[PDB]
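Everything on this sheet refers to the single structure shown next.
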Amino acid sequence: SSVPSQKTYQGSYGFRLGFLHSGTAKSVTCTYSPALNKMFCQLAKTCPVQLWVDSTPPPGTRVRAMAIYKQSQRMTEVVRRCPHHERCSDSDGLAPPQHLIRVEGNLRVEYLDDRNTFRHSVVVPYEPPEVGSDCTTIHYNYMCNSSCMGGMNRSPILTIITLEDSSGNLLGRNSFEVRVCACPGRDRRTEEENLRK
Amino acid sequence: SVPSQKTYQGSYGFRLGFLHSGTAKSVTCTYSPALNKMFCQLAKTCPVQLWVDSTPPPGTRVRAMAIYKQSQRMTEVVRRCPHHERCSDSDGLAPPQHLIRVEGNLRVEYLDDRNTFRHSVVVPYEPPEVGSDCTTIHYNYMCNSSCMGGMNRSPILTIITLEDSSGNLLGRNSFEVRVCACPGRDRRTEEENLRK
DNA sequence: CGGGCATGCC
DNA sequence: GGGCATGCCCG
Ligand SMILES: [Zn+2]
Ligand SMILES: [Zn+2]
């Protein structure tokens, strides 16, 4: 019916994202390309995303992740797990089986299947960093490959990360492209080389 | 539990023939005598010829069923993967879960077995048309051998049985099937892997 | 159909 | 990491 905004918005708290530096060994479970602003990862493997802010949002602030198709031809379509993976019983105990994006390690995670847009998202309460740290790290998992037939079917996606108050009002927004694939190092390297040809 | 795959020509001298289609990369259906194996593309016509020495009785039928070839999966029902089951490729006769359809036969019947839950497709036996010495059935395979959540790279066999009207066996033959994007490429590859 | 390549897997 | 199996796009 409509399309979510993907416009970078630092907001009043100076909200931005950070990623580890991981390298490009042919596989490697998760690697991020600064050149492409694109995460490359394997199915069900830890994808760390760092949340950086300048002030600190109030308690009750939430951090939401949602996938959308990058291409305008599919952008109104909801990003979901393919029929196979939806039915494969790899439940972590909380994530519903149709959801592409999961959060690891957080008892307070909530999954939303919006009644009106039909879009899936996963949301955790915002927490300040630990002592000795400058950022909050969320561990995401992507539960289908970009290639899965009947699901993403090779269509590229964006993950939109939004900072929101308790009622769902926008406080900040950032995004990154993601490719979920068998060989993240190889594929990251390939796409970076295509940028130099 | 596993249906028999024992070849028997039975009293009517029942056996199968296949077109001799060669190995151009993407030939739609091609059969390897050395491998007794059909290689074919998803949803493309796969002609299977029925040859008999004498005409079986009125009411005879011809059934096709797929089974897994490897012992570790032989007990599992062969079915289409979750994706293909749900794609919009119905012919309005075949159940969406069934791997094997018959095209061009309004008298086709499909069965899910009471006890084994295996799928099959059955058509009336018809004698060859005038000028012909065999009867051709046009099968279609509706999932690739490689499909995740289904065959998932496990080899299958198709078992063709000739049956009387009550289902009693008159004859049986079988062939391996690989459903794939490039049947010629893949046949030539397999036949080359036979050699030292 | 199919050269050329994308993308699974070990 | 290499490679090889095996699928898809658009001419
Ligand atoms: Zn999937
Ligand atoms: Zn399939």
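Computed from heavy atoms alone, side chains included, the values below leave out hydrogens, waters and symmetry copies. Just so we're on the same page: letters track the sequence lines, and every chain starts at 1.
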Please report the C-alpha distance between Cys30(A) and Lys45(A) in whole Å, then the side-chain angles of each, then the deciding distance to 0.1 Å, and finally whether the side-chain contact (heavy atoms from CB on, under 4.5 Å) criterion is met. CA-CA 7 Å; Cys30(A) 181; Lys45(A) 305 303 188 57; 5.8 Å; no

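- One can place CZ of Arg188(A) at 19 Å from P of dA6(C), the figure rounded to the nearest angstrom.
- A straight line from NZ of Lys25(B) to P of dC8(D) spans 12 Å, rounded to a whole angstrom.
- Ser146(B) has no side-chain polar atom (N or O) that falls below the 4.0 Å cut-off from OP1 or OP2 of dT6(D).
- Spacing between atom NE2 of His83(B) and atom P of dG8(C) amounts to 15 Å, rounded to whole angstrom units.
- No donor-acceptor contact under 3.5 angstrom links the side chains of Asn173(B) and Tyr8(B), judged on distance only.
- OP1 or OP2 of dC9(D) sits under 4.0 Å from a side-chain N or O of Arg154(A).
- Neither side chain, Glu191(A) nor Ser33(A), offers a donor N or O lying under 3.5 Å from an acceptor on the other.
- Between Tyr139(B) and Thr158(B), the side chains place no donor N or O within less than 3.5 Å of an acceptor N or O (distance only, hydrogens not considered).
- Without hydrogens or angle criteria, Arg80(B) side chain to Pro96(B) main chain gives a donor-acceptor distance under 3.5 Å.
- Counting atom types as modelled, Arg186(A) pairs a side-chain N or O with a base atom of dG8(C) as donor and acceptor under 3.5 Å.
- Looking at which nucleotide of DNA chain C each of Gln41(B) and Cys182(B) is closest to, the 5′-most match is held by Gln41(B).
- Checking the phosphate oxygens (OP1, OP2) of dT7(C), no side-chain nitrogen or oxygen of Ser146(A) falls inside 4.0 Å.
- Atom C1' of nucleotide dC4(D) and atom CD of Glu190(B) are separated by 15 Å, given to the nearest angstrom.
- Atom pair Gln73(A):CD and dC9(D):P shows a separation of 13 Å (rounding to whole Å applied).
- Listed nucleotides: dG8(C), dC1(C), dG7(D). Nearest to the side chain of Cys181(A): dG8(C).
- As rounded to whole Å, 17 Å separates atom P of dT7(C) from atom CG of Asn144(B).
- Spacing between atom CE of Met148(B) and atom P of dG7(D) amounts to 13 Å, rounded to whole angstrom units.
- Note on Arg178(B): a side-chain N or O is less than 4.0 Å away from OP1 or OP2 of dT6(D).
- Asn194(A) has its CG atom 18 Å from the P atom of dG4(C), to the nearest Å.
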